[PDB]
Amino acid sequence: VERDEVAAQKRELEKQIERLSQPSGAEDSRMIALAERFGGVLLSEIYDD
Amino acid sequence: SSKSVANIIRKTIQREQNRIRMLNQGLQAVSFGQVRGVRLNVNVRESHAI
């Protein structure tokens, strides 16, 4: 039980880490295709710096 | 990291193509002998695109 609880916490941590990964950490699940399919740029990336 | 490398290569290629296309506009309609225009053709090699 302790192992499974720790594993759930772990999985949440890696999911959170991944969500910030690429191309610039955002809702990249579909934001990617939604972004390159149209000649636009992510606002968060625009304000990246 | 590999995905990021690929994306940055693609972005740089697009930017350079845009810049070269912009520069190309100034050489339109240059009359030299039978020559009437000059272009810098930029392309992505298939052997590297794949």
# chains A, B, ... in the order shown; residues from 1 in each chain; ligands from 1

call {"tool": "closest_atom_pairs", "arguments": {"of": "chain A", "to": "chain B", "cutoff": "10 Å", "atoms": "only C-alpha atoms", "output": "tab-separated table"}}
result
residue	atom	partner	partner_atom	distance
A:21	CA	B:4	CA	9.5
A:22	CA	B:4	CA	7.4
A:23	CA	B:4	CA	7.1
A:24	CA	B:4	CA	9.9

call {"tool": "residues_around", "arguments": {"residues": "residue 24 (chain B)", "least_positions_apart": "3", "cutoff": "8 Å", "atoms": "only C-alpha atoms", "output": "ChimeraX atom specification"}}
result
/B:20-21,27-28,38-40

call {"tool": "atom_distance", "arguments": {"atom1": "CA of residue 22 (chain B)", "atom2": "CA of residue 34 (chain B)"}}
result
24.2 Å

call {"tool": "atom_distance", "arguments": {"atom1": "CA of residue 20 (chain A)", "atom2": "CA of residue 45 (chain A)"}}
result
12.0 Å

call {"tool": "atom_distance", "arguments": {"atom1": "CA of residue 30 (chain A)", "atom2": "CA of residue 9 (chain B)"}}
result
21.5 Å

call {"tool": "select_by_dssp", "arguments": {"residues": "chain A", "states": "alpha helix (DSSP H)", "output": "JSON, numbers by chain"}}
result
{"A": [2, 3, 4, 5, 6, 7, 8, 9, 10, 11, 12, 13, 14, 15, 16, 17, 18, 19, 28, 29, 30, 31, 32, 33, 34, 35, 36, 43, 44, 45, 46]}

call {"tool": "write_last_selection", "arguments": {"atoms": "N, CA, C and O atoms", "output": "short mmCIF file (atom, residue, chain, number, x, y, z; two decimals), in the first residue's frame"}}
result
data_model
loop_
_atom_site.label_atom_id
_atom_site.label_comp_id
_atom_site.auth_asym_id
_atom_site.auth_seq_id
_atom_site.Cartn_x
_atom_site.Cartn_y
_atom_site.Cartn_z
N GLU A 2 1.89 1.28 0.86
CA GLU A 2 2.77 2.46 0.83
C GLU A 2 3.46 2.59 -0.53
O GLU A 2 3.61 3.70 -1.05
N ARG A 3 3.88 1.47 -1.11
CA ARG A 3 4.56 1.51 -2.39
C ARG A 3 3.65 2.07 -3.48
O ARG A 3 4.07 2.90 -4.29
N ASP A 4 2.39 1.63 -3.50
CA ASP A 4 1.45 2.12 -4.51
C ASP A 4 1.16 3.60 -4.31
O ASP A 4 1.04 4.35 -5.28
N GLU A 5 1.02 4.04 -3.06
CA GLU A 5 0.79 5.46 -2.80
C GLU A 5 1.96 6.30 -3.29
O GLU A 5 1.78 7.33 -3.95
N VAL A 6 3.18 5.85 -2.99
CA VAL A 6 4.36 6.57 -3.45
C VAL A 6 4.43 6.56 -4.97
O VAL A 6 4.83 7.55 -5.59
N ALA A 7 4.05 5.44 -5.59
CA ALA A 7 4.07 5.36 -7.05
C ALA A 7 3.07 6.33 -7.67
O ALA A 7 3.35 6.93 -8.71
N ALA A 8 1.89 6.47 -7.07
CA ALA A 8 0.92 7.44 -7.57
C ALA A 8 1.46 8.85 -7.48
O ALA A 8 1.36 9.65 -8.43
N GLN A 9 2.06 9.19 -6.33
CA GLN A 9 2.69 10.51 -6.20
C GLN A 9 3.76 10.69 -7.26
O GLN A 9 3.85 11.75 -7.90
N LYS A 10 4.58 9.66 -7.47
CA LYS A 10 5.64 9.73 -8.47
C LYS A 10 5.07 10.00 -9.85
O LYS A 10 5.55 10.89 -10.56
N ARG A 11 4.05 9.23 -10.25
CA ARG A 11 3.48 9.38 -11.58
C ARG A 11 2.93 10.78 -11.78
O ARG A 11 3.10 11.38 -12.85
N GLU A 12 2.27 11.32 -10.75
CA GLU A 12 1.81 12.69 -10.84
C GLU A 12 2.99 13.63 -11.06
O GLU A 12 2.90 14.57 -11.86
N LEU A 13 4.10 13.40 -10.36
CA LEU A 13 5.26 14.27 -10.51
C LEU A 13 5.81 14.22 -11.94
O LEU A 13 6.10 15.27 -12.52
N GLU A 14 5.99 13.03 -12.50
CA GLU A 14 6.52 13.00 -13.87
C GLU A 14 5.53 13.58 -14.87
O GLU A 14 5.94 14.22 -15.84
N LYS A 15 4.22 13.39 -14.66
CA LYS A 15 3.27 14.00 -15.58
C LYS A 15 3.37 15.52 -15.53
O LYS A 15 3.39 16.19 -16.57
N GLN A 16 3.47 16.08 -14.32
CA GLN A 16 3.63 17.52 -14.19
C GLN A 16 4.92 17.99 -14.85
O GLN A 16 4.94 19.01 -15.54
N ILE A 17 6.01 17.25 -14.66
CA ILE A 17 7.29 17.63 -15.25
C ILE A 17 7.18 17.63 -16.77
O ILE A 17 7.65 18.56 -17.44
N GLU A 18 6.56 16.59 -17.33
CA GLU A 18 6.42 16.50 -18.78
C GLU A 18 5.56 17.64 -19.32
O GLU A 18 5.85 18.18 -20.39
N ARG A 19 4.51 18.02 -18.59
CA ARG A 19 3.60 19.04 -19.10
C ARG A 19 4.32 20.35 -19.39
O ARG A 19 3.80 21.16 -20.17
N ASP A 28 0.70 21.24 -24.51
CA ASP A 28 1.27 20.76 -25.76
C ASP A 28 0.60 19.50 -26.29
O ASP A 28 0.96 19.05 -27.38
N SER A 29 -0.35 18.91 -25.55
CA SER A 29 -1.00 17.69 -26.03
C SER A 29 -1.60 17.90 -27.41
O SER A 29 -1.34 17.14 -28.34
N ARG A 30 -2.42 18.94 -27.56
CA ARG A 30 -2.93 19.36 -28.85
C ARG A 30 -2.48 20.75 -29.25
O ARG A 30 -2.58 21.09 -30.44
N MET A 31 -1.97 21.55 -28.32
CA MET A 31 -1.52 22.89 -28.66
C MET A 31 -0.49 22.86 -29.78
O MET A 31 -0.40 23.80 -30.57
N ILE A 32 0.30 21.79 -29.87
CA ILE A 32 1.29 21.66 -30.93
C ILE A 32 0.58 21.75 -32.27
O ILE A 32 0.67 22.77 -32.97
N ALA A 33 -0.20 20.72 -32.61
CA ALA A 33 -0.88 20.69 -33.90
C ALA A 33 -1.70 21.96 -34.11
O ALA A 33 -1.68 22.54 -35.20
N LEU A 34 -2.39 22.42 -33.07
CA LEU A 34 -3.14 23.66 -33.17
C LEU A 34 -2.25 24.85 -33.50
O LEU A 34 -2.74 25.86 -34.01
N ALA A 35 -0.94 24.75 -33.22
CA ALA A 35 -0.02 25.86 -33.42
C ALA A 35 0.66 25.83 -34.79
O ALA A 35 0.66 26.83 -35.50
N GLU A 36 1.25 24.69 -35.17
CA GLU A 36 1.89 24.66 -36.49
C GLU A 36 0.87 24.52 -37.62
O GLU A 36 1.15 24.98 -38.74
N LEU A 43 1.45 32.16 -27.62
CA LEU A 43 1.58 33.39 -26.85
C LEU A 43 2.58 33.22 -25.71
O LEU A 43 3.40 34.11 -25.46
N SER A 44 2.52 32.08 -25.01
CA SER A 44 3.48 31.83 -23.94
C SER A 44 4.90 31.87 -24.47
O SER A 44 5.79 32.48 -23.84
N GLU A 45 5.15 31.24 -25.61
CA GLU A 45 6.47 31.33 -26.23
C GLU A 45 6.79 32.77 -26.60
O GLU A 45 7.93 33.22 -26.44
N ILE A 46 5.81 33.50 -27.12
CA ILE A 46 6.03 34.90 -27.46
C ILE A 46 6.50 35.67 -26.24
O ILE A 46 7.38 36.53 -26.32
#

call {"tool": "decode", "arguments": {"residues": "region 27-43 of chain A", "atoms": "N, CA, C and O atoms", "output": "PDB file, in the first residue's frame"}}
result
ATOM      1  N   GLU A  27       0.041  23.456 -22.788  1.00  0.00           N
ATOM      2  CA  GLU A  27      -0.894  22.371 -23.083  1.00  0.00           C
ATOM      3  C   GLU A  27      -0.541  21.727 -24.426  1.00  0.00           C
ATOM      4  O   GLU A  27      -1.347  21.644 -25.352  1.00  0.00           O
ATOM      5  N   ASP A  28       0.699  21.241 -24.508  1.00  0.00           N
ATOM      6  CA  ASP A  28       1.265  20.760 -25.762  1.00  0.00           C
ATOM      7  C   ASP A  28       0.597  19.497 -26.286  1.00  0.00           C
ATOM      8  O   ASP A  28       0.956  19.051 -27.382  1.00  0.00           O
ATOM      9  N   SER A  29      -0.349  18.907 -25.551  1.00  0.00           N
ATOM     10  CA  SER A  29      -0.997  17.689 -26.030  1.00  0.00           C
ATOM     11  C   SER A  29      -1.603  17.902 -27.411  1.00  0.00           C
ATOM     12  O   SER A  29      -1.338  17.137 -28.345  1.00  0.00           O
ATOM     13  N   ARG A  30      -2.424  18.942 -27.556  1.00  0.00           N
ATOM     14  CA  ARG A  30      -2.932  19.358 -28.854  1.00  0.00           C
ATOM     15  C   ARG A  30      -2.478  20.750 -29.255  1.00  0.00           C
ATOM     16  O   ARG A  30      -2.583  21.094 -30.436  1.00  0.00           O
ATOM     17  N   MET A  31      -1.970  21.552 -28.316  1.00  0.00           N
ATOM     18  CA  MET A  31      -1.517  22.893 -28.661  1.00  0.00           C
ATOM     19  C   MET A  31      -0.485  22.857 -29.778  1.00  0.00           C
ATOM     20  O   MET A  31      -0.397  23.801 -30.568  1.00  0.00           O
ATOM     21  N   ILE A  32       0.299  21.785 -29.865  1.00  0.00           N
ATOM     22  CA  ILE A  32       1.287  21.659 -30.930  1.00  0.00           C
ATOM     23  C   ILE A  32       0.575  21.752 -32.271  1.00  0.00           C
ATOM     24  O   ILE A  32       0.667  22.770 -32.968  1.00  0.00           O
ATOM     25  N   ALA A  33      -0.202  20.719 -32.606  1.00  0.00           N
ATOM     26  CA  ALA A  33      -0.877  20.692 -33.897  1.00  0.00           C
ATOM     27  C   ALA A  33      -1.695  21.957 -34.114  1.00  0.00           C
ATOM     28  O   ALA A  33      -1.678  22.541 -35.204  1.00  0.00           O
ATOM     29  N   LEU A  34      -2.390  22.416 -33.072  1.00  0.00           N
ATOM     30  CA  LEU A  34      -3.141  23.660 -33.167  1.00  0.00           C
ATOM     31  C   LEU A  34      -2.247  24.848 -33.498  1.00  0.00           C
ATOM     32  O   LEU A  34      -2.744  25.857 -34.010  1.00  0.00           O
ATOM     33  N   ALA A  35      -0.944  24.752 -33.224  1.00  0.00           N
ATOM     34  CA  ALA A  35      -0.021  25.864 -33.422  1.00  0.00           C
ATOM     35  C   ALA A  35       0.661  25.826 -34.788  1.00  0.00           C
ATOM     36  O   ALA A  35       0.665  26.832 -35.502  1.00  0.00           O
ATOM     37  N   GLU A  36       1.249  24.689 -35.167  1.00  0.00           N
ATOM     38  CA  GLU A  36       1.887  24.657 -36.488  1.00  0.00           C
ATOM     39  C   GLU A  36       0.874  24.523 -37.621  1.00  0.00           C
ATOM     40  O   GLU A  36       1.150  24.976 -38.739  1.00  0.00           O
ATOM     41  N   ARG A  37      -0.289  23.911 -37.381  1.00  0.00           N
ATOM     42  CA  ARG A  37      -1.273  23.809 -38.454  1.00  0.00           C
ATOM     43  C   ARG A  37      -1.666  25.183 -38.980  1.00  0.00           C
ATOM     44  O   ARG A  37      -2.011  25.319 -40.158  1.00  0.00           O
ATOM     45  N   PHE A  38      -1.622  26.204 -38.129  1.00  0.00           N
ATOM     46  CA  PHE A  38      -1.895  27.579 -38.523  1.00  0.00           C
ATOM     47  C   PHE A  38      -0.620  28.401 -38.405  1.00  0.00           C
ATOM     48  O   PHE A  38       0.215  28.148 -37.532  1.00  0.00           O
ATOM     49  N   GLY A  39      -0.472  29.387 -39.284  1.00  0.00           N
ATOM     50  CA  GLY A  39       0.727  30.201 -39.300  1.00  0.00           C
ATOM     51  C   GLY A  39       0.804  31.150 -38.122  1.00  0.00           C
ATOM     52  O   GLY A  39       0.893  32.368 -38.300  1.00  0.00           O
ATOM     53  N   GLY A  40       0.772  30.596 -36.908  1.00  0.00           N
ATOM     54  CA  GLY A  40       0.811  31.387 -35.696  1.00  0.00           C
ATOM     55  C   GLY A  40       1.903  30.905 -34.757  1.00  0.00           C
ATOM     56  O   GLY A  40       2.631  29.954 -35.051  1.00  0.00           O
ATOM     57  N   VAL A  41       1.993  31.588 -33.619  1.00  0.00           N
ATOM     58  CA  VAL A  41       3.003  31.302 -32.607  1.00  0.00           C
ATOM     59  C   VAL A  41       2.334  31.290 -31.241  1.00  0.00           C
ATOM     60  O   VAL A  41       1.399  32.056 -30.988  1.00  0.00           O
ATOM     61  N   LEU A  42       2.816  30.416 -30.361  1.00  0.00           N
ATOM     62  CA  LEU A  42       2.282  30.349 -29.009  1.00  0.00           C
ATOM     63  C   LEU A  42       2.504  31.672 -28.286  1.00  0.00           C
ATOM     64  O   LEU A  42       3.598  32.241 -28.325  1.00  0.00           O
ATOM     65  N   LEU A  43       1.453  32.159 -27.624  1.00  0.00           N
ATOM     66  CA  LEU A  43       1.577  33.388 -26.848  1.00  0.00           C
ATOM     67  C   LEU A  43       2.577  33.220 -25.712  1.00  0.00           C
ATOM     68  O   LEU A  43       3.398  34.110 -25.459  1.00  0.00           O
TER      69      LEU A  43
END
